[PDB]
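With mmCIF, N, CA and C atoms inside, this is upload15.cif:
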data_query
loop_
_atom_site.group_PDB
_atom_site.id
_atom_site.type_symbol
_atom_site.label_atom_id
_atom_site.label_comp_id
_atom_site.auth_asym_id
_atom_site.auth_seq_id
_atom_site.Cartn_x
_atom_site.Cartn_y
_atom_site.Cartn_z
ATOM 1 N N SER G 161 5.077 34.554 -7.091
ATOM 2 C CA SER G 161 4.320 35.718 -6.732
ATOM 3 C C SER G 161 5.130 36.962 -6.557
ATOM 4 N N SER G 162 4.659 38.026 -7.184
ATOM 5 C CA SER G 162 5.332 39.291 -7.066
ATOM 6 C C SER G 162 4.557 40.041 -6.037
ATOM 7 N N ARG G 163 3.422 39.488 -5.658
ATOM 8 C CA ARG G 163 2.596 40.180 -4.717
ATOM 9 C C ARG G 163 3.166 40.014 -3.331
ATOM 10 N N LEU G 164 2.511 40.541 -2.324
ATOM 11 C CA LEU G 164 3.068 40.561 -0.980
ATOM 12 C C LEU G 164 2.868 39.236 -0.254
ATOM 13 N N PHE G 165 1.758 38.546 -0.495
ATOM 14 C CA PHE G 165 1.483 37.260 0.134
ATOM 15 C C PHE G 165 1.671 36.134 -0.872
ATOM 16 N N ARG G 166 2.312 35.054 -0.428
ATOM 17 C CA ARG G 166 2.527 33.877 -1.255
ATOM 18 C C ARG G 166 1.675 32.687 -0.839
ATOM 19 N N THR G 167 0.698 32.880 0.041
ATOM 20 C CA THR G 167 -0.180 31.791 0.447
ATOM 21 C C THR G 167 -1.400 31.726 -0.460
ATOM 22 N N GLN G 168 -1.670 30.539 -0.997
ATOM 23 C CA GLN G 168 -2.872 30.288 -1.775
ATOM 24 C C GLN G 168 -3.480 28.971 -1.325
ATOM 25 N N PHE G 169 -4.806 28.897 -1.373
ATOM 26 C CA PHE G 169 -5.539 27.705 -0.978
ATOM 27 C C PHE G 169 -6.228 27.103 -2.192
ATOM 28 N N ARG G 170 -6.243 25.778 -2.266
ATOM 29 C CA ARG G 170 -6.881 25.076 -3.368
ATOM 30 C C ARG G 170 -7.890 24.086 -2.817
ATOM 31 N N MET G 171 -9.127 24.175 -3.293
ATOM 32 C CA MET G 171 -10.156 23.224 -2.901
ATOM 33 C C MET G 171 -9.870 21.869 -3.533
ATOM 34 N N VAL G 172 -10.213 20.799 -2.823
ATOM 35 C CA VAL G 172 -10.023 19.437 -3.306
ATOM 36 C C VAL G 172 -11.330 18.678 -3.143
ATOM 37 N N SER G 173 -11.786 18.050 -4.219
ATOM 38 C CA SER G 173 -12.970 17.213 -4.130
ATOM 39 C C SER G 173 -12.644 15.939 -3.357
ATOM 40 N N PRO G 174 -13.571 15.442 -2.539
ATOM 41 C CA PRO G 174 -13.317 14.185 -1.824
ATOM 42 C C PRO G 174 -13.173 12.986 -2.740
ATOM 43 N N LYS G 175 -13.627 13.081 -3.990
ATOM 44 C CA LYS G 175 -13.484 11.961 -4.911
ATOM 45 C C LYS G 175 -12.024 11.662 -5.209
ATOM 46 N N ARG G 176 -11.176 12.690 -5.232
ATOM 47 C CA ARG G 176 -9.789 12.495 -5.635
ATOM 48 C C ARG G 176 -9.003 11.687 -4.612
ATOM 49 N N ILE G 177 -9.296 11.852 -3.327
ATOM 50 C CA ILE G 177 -8.533 11.180 -2.281
ATOM 51 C C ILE G 177 -8.969 9.723 -2.203
ATOM 52 N N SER G 178 -8.052 8.815 -2.526
ATOM 53 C CA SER G 178 -8.315 7.383 -2.498
ATOM 54 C C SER G 178 -6.978 6.657 -2.457
ATOM 55 N N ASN G 179 -7.042 5.330 -2.386
ATOM 56 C CA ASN G 179 -5.832 4.524 -2.376
ATOM 57 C C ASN G 179 -5.099 4.656 -3.709
ATOM 58 N N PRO G 180 -3.772 4.571 -3.701
ATOM 59 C CA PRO G 180 -3.031 4.614 -4.965
ATOM 60 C C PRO G 180 -3.322 3.376 -5.798
ATOM 61 N N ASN G 181 -3.657 3.597 -7.068
ATOM 62 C CA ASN G 181 -3.904 2.530 -8.037
ATOM 63 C C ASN G 181 -5.081 1.641 -7.648
ATOM 64 N N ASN G 182 -5.980 2.144 -6.801
ATOM 65 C CA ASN G 182 -7.187 1.421 -6.391
ATOM 66 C C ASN G 182 -6.860 0.056 -5.788
ATOM 67 N N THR G 183 -5.875 0.018 -4.897
ATOM 68 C CA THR G 183 -5.543 -1.223 -4.220
ATOM 69 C C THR G 183 -6.495 -1.463 -3.055
ATOM 70 N N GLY G 184 -6.420 -2.665 -2.497
ATOM 71 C CA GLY G 184 -7.190 -2.969 -1.313
ATOM 72 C C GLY G 184 -6.675 -2.228 -0.097
ATOM 73 N N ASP G 185 -7.545 -2.098 0.898
ATOM 74 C CA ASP G 185 -7.193 -1.346 2.092
ATOM 75 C C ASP G 185 -6.322 -2.182 3.017
ATOM 76 N N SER G 186 -5.191 -1.616 3.414
ATOM 77 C CA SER G 186 -4.280 -2.228 4.368
ATOM 78 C C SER G 186 -4.643 -1.754 5.769
ATOM 79 N N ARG G 187 -3.884 -2.225 6.759
ATOM 80 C CA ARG G 187 -4.160 -1.821 8.135
ATOM 81 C C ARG G 187 -3.971 -0.325 8.339
ATOM 82 N N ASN G 188 -2.894 0.243 7.802
ATOM 83 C CA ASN G 188 -2.555 1.625 8.103
ATOM 84 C C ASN G 188 -2.957 2.613 7.018
ATOM 85 N N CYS G 189 -3.396 2.145 5.856
ATOM 86 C CA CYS G 189 -3.782 3.022 4.753
ATOM 87 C C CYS G 189 -5.201 2.669 4.328
ATOM 88 N N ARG G 190 -6.186 3.394 4.854
ATOM 89 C CA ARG G 190 -7.590 3.151 4.546
ATOM 90 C C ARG G 190 -8.133 4.304 3.717
ATOM 91 N N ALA G 191 -8.531 4.004 2.478
ATOM 92 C CA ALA G 191 -9.137 4.979 1.572
ATOM 93 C C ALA G 191 -8.240 6.200 1.375
ATOM 94 N N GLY G 192 -6.976 5.943 1.050
ATOM 95 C CA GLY G 192 -6.044 7.003 0.732
ATOM 96 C C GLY G 192 -5.573 7.828 1.903
ATOM 97 N N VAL G 193 -6.017 7.519 3.115
ATOM 98 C CA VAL G 193 -5.633 8.244 4.318
ATOM 99 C C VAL G 193 -4.687 7.358 5.112
ATOM 100 N N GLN G 194 -3.431 7.777 5.228
ATOM 101 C CA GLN G 194 -2.465 7.006 5.992
ATOM 102 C C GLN G 194 -2.651 7.256 7.481
ATOM 103 N N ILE G 195 -2.486 6.202 8.274
ATOM 104 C CA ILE G 195 -2.765 6.231 9.702
ATOM 105 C C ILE G 195 -1.570 5.669 10.460
ATOM 106 N N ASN G 196 -1.203 6.332 11.556
ATOM 107 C CA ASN G 196 -0.164 5.830 12.448
ATOM 108 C C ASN G 196 -0.734 4.768 13.377
ATOM 109 N N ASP G 197 -0.001 4.440 14.443
ATOM 110 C CA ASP G 197 -0.494 3.457 15.402
ATOM 111 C C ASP G 197 -1.801 3.915 16.036
ATOM 112 N N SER G 198 -1.903 5.200 16.365
ATOM 113 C CA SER G 198 -3.126 5.757 16.922
ATOM 114 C C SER G 198 -4.136 5.974 15.797
ATOM 115 N N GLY G 199 -5.205 6.710 16.085
ATOM 116 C CA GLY G 199 -6.197 7.030 15.082
ATOM 117 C C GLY G 199 -5.910 8.252 14.241
ATOM 118 N N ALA G 200 -4.744 8.873 14.405
ATOM 119 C CA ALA G 200 -4.434 10.098 13.686
ATOM 120 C C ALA G 200 -4.187 9.814 12.207
ATOM 121 N N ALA G 201 -4.053 10.887 11.432
ATOM 122 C CA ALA G 201 -3.779 10.799 10.003
ATOM 123 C C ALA G 201 -2.531 11.604 9.678
ATOM 124 N N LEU G 202 -1.611 10.999 8.927
ATOM 125 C CA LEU G 202 -0.344 11.633 8.585
ATOM 126 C C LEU G 202 -0.373 12.300 7.219
ATOM 127 N N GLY G 203 -0.861 11.597 6.204
ATOM 128 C CA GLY G 203 -0.816 12.110 4.850
ATOM 129 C C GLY G 203 -1.790 11.379 3.962
ATOM 130 N N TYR G 204 -2.104 12.013 2.840
ATOM 131 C CA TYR G 204 -3.180 11.577 1.968
ATOM 132 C C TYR G 204 -2.678 11.464 0.537
ATOM 133 N N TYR G 205 -3.183 10.461 -0.177
ATOM 134 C CA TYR G 205 -2.821 10.230 -1.569
ATOM 135 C C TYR G 205 -3.851 10.930 -2.445
ATOM 136 N N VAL G 206 -3.415 11.945 -3.183
ATOM 137 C CA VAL G 206 -4.283 12.728 -4.056
ATOM 138 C C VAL G 206 -3.896 12.449 -5.499
ATOM 139 N N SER G 207 -4.867 12.027 -6.300
ATOM 140 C CA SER G 207 -4.624 11.696 -7.694
ATOM 141 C C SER G 207 -4.788 12.944 -8.557
ATOM 142 N N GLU G 208 -4.791 12.762 -9.873
ATOM 143 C CA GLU G 208 -5.072 13.835 -10.814
ATOM 144 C C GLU G 208 -6.221 13.409 -11.711
ATOM 145 N N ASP G 209 -7.175 14.310 -11.911
ATOM 146 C CA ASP G 209 -8.365 14.019 -12.697
ATOM 147 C C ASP G 209 -8.113 14.390 -14.151
ATOM 148 N N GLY G 210 -8.393 13.458 -15.054
ATOM 149 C CA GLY G 210 -8.219 13.738 -16.463
ATOM 150 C C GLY G 210 -9.533 13.805 -17.208
ATOM 151 N N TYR G 211 -9.954 15.015 -17.573
ATOM 152 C CA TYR G 211 -11.144 15.151 -18.410
ATOM 153 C C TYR G 211 -11.017 14.476 -19.770
ATOM 154 N N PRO G 212 -9.870 14.525 -20.476
ATOM 155 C CA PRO G 212 -9.783 13.830 -21.767
ATOM 156 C C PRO G 212 -10.241 12.381 -21.706
ATOM 157 N N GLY G 213 -10.181 11.747 -20.538
ATOM 158 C CA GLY G 213 -10.826 10.458 -20.403
ATOM 159 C C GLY G 213 -10.119 9.382 -19.605
ATOM 160 N N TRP G 214 -8.791 9.356 -19.614
ATOM 161 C CA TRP G 214 -8.051 8.320 -18.890
ATOM 162 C C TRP G 214 -8.075 8.653 -17.401
ATOM 163 N N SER H 2 10.466 -38.257 45.008
ATOM 164 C CA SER H 2 10.807 -39.467 44.271
ATOM 165 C C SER H 2 12.247 -39.427 43.779
ATOM 166 N N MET H 3 12.550 -38.463 42.913
ATOM 167 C CA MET H 3 13.880 -38.308 42.343
ATOM 168 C C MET H 3 14.599 -37.152 43.018
ATOM 169 N N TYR H 4 15.865 -37.375 43.363
ATOM 170 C CA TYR H 4 16.645 -36.434 44.153
ATOM 171 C C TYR H 4 17.620 -35.611 43.324
ATOM 172 N N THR H 5 17.569 -35.713 42.001
ATOM 173 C CA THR H 5 18.488 -34.940 41.184
ATOM 174 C C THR H 5 17.914 -33.555 40.898
ATOM 175 N N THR H 6 18.811 -32.620 40.596
ATOM 176 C CA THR H 6 18.448 -31.241 40.306
ATOM 177 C C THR H 6 19.154 -30.784 39.039
ATOM 178 N N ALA H 7 18.542 -29.830 38.342
ATOM 179 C CA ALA H 7 19.090 -29.361 37.079
ATOM 180 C C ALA H 7 18.722 -27.901 36.871
ATOM 181 N N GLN H 8 19.524 -27.220 36.056
ATOM 182 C CA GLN H 8 19.312 -25.821 35.717
ATOM 183 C C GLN H 8 19.447 -25.644 34.215
ATOM 184 N N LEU H 9 18.521 -24.898 33.622
ATOM 185 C CA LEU H 9 18.511 -24.650 32.185
ATOM 186 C C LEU H 9 19.131 -23.286 31.914
ATOM 187 N N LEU H 10 20.090 -23.239 30.986
ATOM 188 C CA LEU H 10 20.813 -22.006 30.686
ATOM 189 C C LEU H 10 20.393 -21.380 29.361
ATOM 190 N N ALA H 11 20.492 -22.123 28.264
ATOM 191 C CA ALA H 11 20.288 -21.556 26.938
ATOM 192 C C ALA H 11 19.172 -22.290 26.216
ATOM 193 N N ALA H 12 18.214 -21.526 25.698
ATOM 194 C CA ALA H 12 17.134 -22.046 24.874
ATOM 195 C C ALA H 12 17.121 -21.287 23.558
ATOM 196 N N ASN H 13 17.233 -22.012 22.450
ATOM 197 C CA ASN H 13 17.272 -21.401 21.132
ATOM 198 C C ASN H 13 16.226 -22.043 20.238
ATOM 199 N N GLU H 14 15.692 -21.250 19.315
ATOM 200 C CA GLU H 14 14.751 -21.736 18.314
ATOM 201 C C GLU H 14 15.337 -21.449 16.940
ATOM 202 N N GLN H 15 15.868 -22.481 16.300
ATOM 203 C CA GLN H 15 16.477 -22.314 14.991
ATOM 204 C C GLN H 15 15.407 -22.037 13.939
ATOM 205 N N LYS H 16 15.680 -21.073 13.061
ATOM 206 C CA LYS H 16 14.776 -20.696 11.985
ATOM 207 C C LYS H 16 15.503 -20.800 10.653
ATOM 208 N N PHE H 17 14.864 -21.446 9.686
ATOM 209 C CA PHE H 17 15.428 -21.537 8.349
ATOM 210 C C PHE H 17 15.261 -20.215 7.609
ATOM 211 N N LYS H 18 16.258 -19.884 6.792
ATOM 212 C CA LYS H 18 16.264 -18.610 6.088
ATOM 213 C C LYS H 18 15.098 -18.526 5.111
ATOM 214 N N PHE H 19 14.421 -17.381 5.101
ATOM 215 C CA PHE H 19 13.289 -17.178 4.199
ATOM 216 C C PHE H 19 13.050 -15.689 4.037
ATOM 217 N N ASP H 20 12.931 -15.233 2.793
ATOM 218 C CA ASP H 20 12.696 -13.825 2.506
ATOM 219 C C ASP H 20 11.944 -13.680 1.190
ATOM 220 N N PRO H 21 10.708 -13.184 1.214
ATOM 221 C CA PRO H 21 9.943 -13.051 -0.031
ATOM 222 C C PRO H 21 10.426 -11.888 -0.879
ATOM 223 N N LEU H 22 11.469 -12.121 -1.677
ATOM 224 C CA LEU H 22 12.026 -11.049 -2.492
ATOM 225 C C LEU H 22 11.129 -10.718 -3.679
ATOM 226 N N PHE H 23 10.574 -11.738 -4.333
ATOM 227 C CA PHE H 23 9.797 -11.500 -5.543
ATOM 228 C C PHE H 23 8.506 -10.752 -5.239
ATOM 229 N N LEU H 24 7.867 -11.046 -4.107
ATOM 230 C CA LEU H 24 6.723 -10.239 -3.696
ATOM 231 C C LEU H 24 7.136 -8.807 -3.389
ATOM 232 N N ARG H 25 8.277 -8.623 -2.723
ATOM 233 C CA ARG H 25 8.694 -7.279 -2.343
ATOM 234 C C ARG H 25 8.983 -6.418 -3.564
ATOM 235 N N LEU H 26 9.634 -6.988 -4.577
ATOM 236 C CA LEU H 26 10.125 -6.200 -5.701
ATOM 237 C C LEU H 26 9.050 -5.909 -6.742
ATOM 238 N N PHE H 27 8.314 -6.931 -7.176
ATOM 239 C CA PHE H 27 7.432 -6.807 -8.332
ATOM 240 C C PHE H 27 5.969 -6.612 -7.943
ATOM 241 N N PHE H 28 5.375 -7.580 -7.248
ATOM 242 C CA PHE H 28 3.947 -7.539 -6.931
ATOM 243 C C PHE H 28 3.752 -6.669 -5.696
ATOM 244 N N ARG H 29 3.481 -5.385 -5.907
ATOM 245 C CA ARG H 29 3.422 -4.422 -4.815
ATOM 246 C C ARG H 29 2.008 -4.015 -4.424
ATOM 247 N N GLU H 30 0.978 -4.605 -5.023
ATOM 248 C CA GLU H 30 -0.392 -4.181 -4.776
ATOM 249 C C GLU H 30 -1.324 -5.382 -4.749
ATOM 250 N N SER H 31 -2.457 -5.224 -4.066
ATOM 251 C CA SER H 31 -3.418 -6.301 -3.860
ATOM 252 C C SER H 31 -4.809 -5.854 -4.285
ATOM 253 N N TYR H 32 -5.544 -6.744 -4.952
ATOM 254 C CA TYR H 32 -6.873 -6.447 -5.491
ATOM 255 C C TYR H 32 -7.866 -7.521 -5.065
ATOM 256 N N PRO H 33 -8.419 -7.428 -3.858
ATOM 257 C CA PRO H 33 -9.396 -8.435 -3.418
ATOM 258 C C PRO H 33 -10.692 -8.320 -4.206
ATOM 259 N N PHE H 34 -11.086 -9.419 -4.846
ATOM 260 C CA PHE H 34 -12.266 -9.456 -5.699
ATOM 261 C C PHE H 34 -13.275 -10.441 -5.130
ATOM 262 N N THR H 35 -14.541 -10.022 -5.069
ATOM 263 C CA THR H 35 -15.591 -10.851 -4.491
ATOM 264 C C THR H 35 -16.269 -11.756 -5.509
ATOM 265 N N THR H 36 -15.936 -11.631 -6.790
ATOM 266 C CA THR H 36 -16.658 -12.347 -7.829
ATOM 267 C C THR H 36 -16.021 -13.709 -8.098
ATOM 268 N N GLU H 37 -16.638 -14.460 -9.008
ATOM 269 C CA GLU H 37 -16.239 -15.841 -9.251
ATOM 270 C C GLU H 37 -14.980 -15.937 -10.112
ATOM 271 N N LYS H 38 -14.777 -15.001 -11.037
ATOM 272 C CA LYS H 38 -13.655 -15.071 -11.965
ATOM 273 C C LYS H 38 -13.049 -13.689 -12.155
ATOM 274 N N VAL H 39 -11.849 -13.666 -12.732
ATOM 275 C CA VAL H 39 -11.085 -12.443 -12.952
ATOM 276 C C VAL H 39 -10.719 -12.346 -14.425
ATOM 277 N N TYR H 40 -10.934 -11.172 -15.013
ATOM 278 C CA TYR H 40 -10.596 -10.908 -16.405
ATOM 279 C C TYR H 40 -9.342 -10.051 -16.491
ATOM 280 N N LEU H 41 -8.414 -10.458 -17.350
ATOM 281 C CA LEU H 41 -7.257 -9.656 -17.719
ATOM 282 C C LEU H 41 -7.246 -9.491 -19.230
ATOM 283 N N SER H 42 -7.046 -8.263 -19.692
ATOM 284 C CA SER H 42 -7.175 -7.939 -21.101
ATOM 285 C C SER H 42 -5.870 -7.384 -21.651
ATOM 286 N N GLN H 43 -5.762 -7.419 -22.977
ATOM 287 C CA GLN H 43 -4.647 -6.841 -23.709
ATOM 288 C C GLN H 43 -5.208 -6.084 -24.903
ATOM 289 N N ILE H 44 -4.387 -5.223 -25.495
ATOM 290 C CA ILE H 44 -4.754 -4.510 -26.720
ATOM 291 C C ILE H 44 -3.552 -4.493 -27.658
ATOM 292 N N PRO H 45 -3.723 -4.844 -28.934
ATOM 293 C CA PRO H 45 -2.572 -4.948 -29.842
ATOM 294 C C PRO H 45 -1.756 -3.672 -29.957
ATOM 295 N N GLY H 46 -2.386 -2.578 -30.368
ATOM 296 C CA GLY H 46 -1.686 -1.307 -30.470
ATOM 297 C C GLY H 46 -0.604 -1.222 -31.527
ATOM 298 N N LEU H 47 -0.867 -1.736 -32.727
ATOM 299 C CA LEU H 47 0.019 -1.583 -33.878
ATOM 300 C C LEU H 47 -0.710 -0.735 -34.910
ATOM 301 N N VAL H 48 -0.194 0.459 -35.181
ATOM 302 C CA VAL H 48 -0.834 1.401 -36.091
ATOM 303 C C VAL H 48 0.083 1.629 -37.284
ATOM 304 N N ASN H 49 -0.445 1.400 -38.480
ATOM 305 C CA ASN H 49 0.362 1.437 -39.687
ATOM 306 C C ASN H 49 0.814 2.856 -40.005
#
Starting from the file, lay out its structure as structure tokens.
Amino acid sequence: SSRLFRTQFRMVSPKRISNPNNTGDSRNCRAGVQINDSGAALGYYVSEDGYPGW
Amino acid sequence: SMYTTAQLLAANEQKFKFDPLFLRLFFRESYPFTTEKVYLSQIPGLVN
């Protein structure tokens, strides 16, 4: 960015967030949302959508 | 009845060595399936 602000936001469809490679849900990683010992969430697995078909 | 006394010092539980290396290295994902059978497919992929 040559402009003054370098912050940009990108919308994400909820369909993209899921487990990597469509694996079964483990104790700490449920539906692409990683969980610590508590109920909090640390990080999310976001895939890439391919219109060509794969 | 019995007048003897004893004290226990060391208690150990021996464990035989075991480490699932092949699961750790290669098979890294699980696919629980509710159906009766599982299909695995291949495709030749030889183009002249």
Query raised in the report: Could you state the separation of atom C of residue H:29 and atom C of residue G:172 in Å, given to one decimal place?
Result: 26.4 Å
Requested in this report: Given the file shown, determine the residues that the PyMOL selection byres ((chain H and name CA) within 7 of (chain G and name CA)) selects; report them as a list in words.
Outcome: residues 30, 31, 32 and 33 of chain H
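Going from atom N of residue G:168 over to atom CA of residue G:203, you cover 19.4 Å.
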Query raised in the report: What is the distance between atom CA of residue G:171 and atom N of residue G:208, in Å to one decimal?
Result: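 Atom N of residue G:208 lies 13.7 Å from atom CA of residue G:171.
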**Report entry** Output check: residues returned by the PyMOL selection byres (((chain G and resi 206 and name CA) around 10) and name CA), as a list in words
**Finding:**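 Answer for the PyMOL selection byres (((chain G and resi 206 and name CA) around 10) and name CA): residues 172, 173, 174, 175, 176, 177, 178, 179, 180, 192, 193, 203, 204, 205, 207, 208 and 209 of chain G.
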Requested in this report: Just the strand (DSSP E or B) stuff from chain G, please, per backbone DSSP, written as a list in words.
Outcome: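 Matching residues, listed in order: residues 177, 189, 190, 193, 194, 195, 201, 202, 203, 204 and 206 of chain G.
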Axis-aligned box over every listed atom of stretch 30-46 of chain H, padded by 8 Å per side: centre and edges in Å to one decimal, as AutoDock Vina command-line options?
--center_x -7.8 --center_y -8.6 --center_z -17.5 --size_x 33.6 --size_y 30.7 --size_z 44.1
Report task. Can you check which residues of chain H DSSP gives as helix (DSSP H, G or I) on the backbone and send them as number ranges by chain? Result -> H: 22-26
